[PDB]
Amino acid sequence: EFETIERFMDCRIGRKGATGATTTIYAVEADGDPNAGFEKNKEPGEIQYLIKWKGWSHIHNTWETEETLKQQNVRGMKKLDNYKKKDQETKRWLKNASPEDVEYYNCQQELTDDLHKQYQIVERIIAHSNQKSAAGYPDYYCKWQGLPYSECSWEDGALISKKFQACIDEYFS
């Protein structure tokens, strides 16, 4: 059993070890961001990539290093080298780029950032599983903000209830 990289979503210099399951938006909400208060001039850092995983919705995106991706034997590693080459070409462009042009690039990154956050929001629930957990939660088939119905996903009911109870109540309405 192996995970597959679908898309590289972002890159950062982050606190060493601020990667994997503790960096999901829902781990962060429950326990705090592992990268909280990281100032790259006051502590050791490492290059981390935000990964959208094949077959997992955007709420499950995690930060990873080249090291953790290789240790976990993830598929889609050709995408890493591509992303690095793309990012190297952008840095180069920025280094010899107008203030105006650099200005428009930075607005585009903010809008993209905003769009990516929408993908982690359940817009509505459209099915539920017959089977419940021992704690009585079904799983829910979720339609995500800003994504087509093809990108709906089954999600753990206990998890979805923490933040999207109103969607649950609308669905059973």
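From 1 onward, residues are counted along the sequence shown.
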Between 70 to 78 and 96 to 104 (mean CA B-factor, as deposited), the higher: 96 to 104
When the Cα temperature factors in the entry are averaged, is it 112 to 120 or 51 to 59 that ends up higher? 112 to 120
Per the entry, which of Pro138, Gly37, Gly32, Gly45 tops the list for Cα B factor? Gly37
From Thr65, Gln145, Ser129, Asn41, pick the one with the largest CA B-factor in the entry? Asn41
